[PDB]
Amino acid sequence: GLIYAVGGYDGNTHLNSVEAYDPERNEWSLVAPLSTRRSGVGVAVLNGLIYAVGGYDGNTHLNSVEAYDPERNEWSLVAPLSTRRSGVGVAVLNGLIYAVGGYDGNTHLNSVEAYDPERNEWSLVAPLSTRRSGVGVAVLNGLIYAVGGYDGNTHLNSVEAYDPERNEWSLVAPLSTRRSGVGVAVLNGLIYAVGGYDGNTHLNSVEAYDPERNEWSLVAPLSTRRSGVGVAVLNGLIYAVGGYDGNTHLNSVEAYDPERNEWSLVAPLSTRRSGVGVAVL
């Protein structure tokens, strides 16, 4: 019942701090810091732990992974990725965490690795058809979707879906707008692609994917343009946390109510954060 904002970049420093949002109090509070500063970090939740995967510490692209236990309020290192990855998308499906794409400092990645907590190890799985850093990843009805990103030359509107039973990625409907640094979350059978950057403009637009129709449709726009935004879903609302509007790194947070199809501002973060990972536990 808390949203965690993990790491990021405030415009001057890559962050190891972590803040947690309680919707009942509408406030953010600091919790235990990461061992390593991480922007462009992927974050996901599995079996009561939050995993902070990869990122960039200001000097090095990271292969390390840390796990947060809320009962102990501490982060511990777990198995490292095979490949350093910042701008990596992370999602959880059927007891595995998937690290999708990213950038290793030299190359934009099409590779994908899966973490099994029982074995505490990462294994490579099927690669994406297109290299993607700054990719948004979400899970819906047994498929993992890799949304947008940047392949080193082009900001992407394409979207691919992974079926673990087939261990393969297949293209699905493209976004209306190219988006890297896009936040993605799932609510009530739709995938939302929030903000991002199209190569020329930081975006306030938001699009929603219906798998039954295999199409994206525009929904209400954010009040503030946000790339490098973290997105998570809690109790029927989607939260867009931080990001960068082209001029300023943001501490603001907005919440989307699908019944009203509108975004409203909620409590701000204590620290401006773009390239922030967000998860709910």
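For every residue, the number given is its place in the sequence shown, counted from 1.
A.B. asks: Tell me which stretch, 102-110 or 182-190, has the higher mean Cα B-factor listed in the entry.
C.D. replies: Looking at the recorded C-alpha B-factors, 102-110 comes out higher on average.
A.B. asks: Of the two stretches 92-100 and 199-207, which shows the higher Cα B-factor on average in the entry?
C.D. replies: Looking at the record's C-alpha B-factors, the answer is 199-207.
A.B. asks: Per the PDB entry, which option out of 120, 83, 73, 167 has the greatest Cα B factor?
C.D. replies: Going by the entry's C-alpha B-factors, 83 comes out highest.
A.B. asks: Among the modelled residues of this chain, does the Cα B factor of residue 135 put it in the lowest, middle or highest third?
C.D. replies: Its C-alpha B-factor, which the entry lists for residue 135, ranks in the lowest third among residues of this chain.
A.B. asks: Split into thirds by Cα B-factor across the chain's modelled residues, where does residue 156 land: lowest, middle or highest?
C.D. replies: Middle third, going by the recorded CA B-factors of the chain.
A.B. asks: Looking at the entry's B-factor column for C-alpha atoms only, identify whether residue 30 ranks in the lowest, middle or highest third of its chain.
C.D. replies: Its C-alpha B-factor belongs to the highest third of this chain's values.
A.B. asks: Based on the deposited C-alpha B factors for this chain, I'd like to know if residue 218 is in the lowest, middle or highest third.
C.D. replies: Highest third, going by the recorded CA B-factors of the chain.
A.B. asks: Lowest, middle or highest third: where is residue 146 by C-alpha B factor in its chain?
C.D. replies: Bottom third by C-alpha B-factor.
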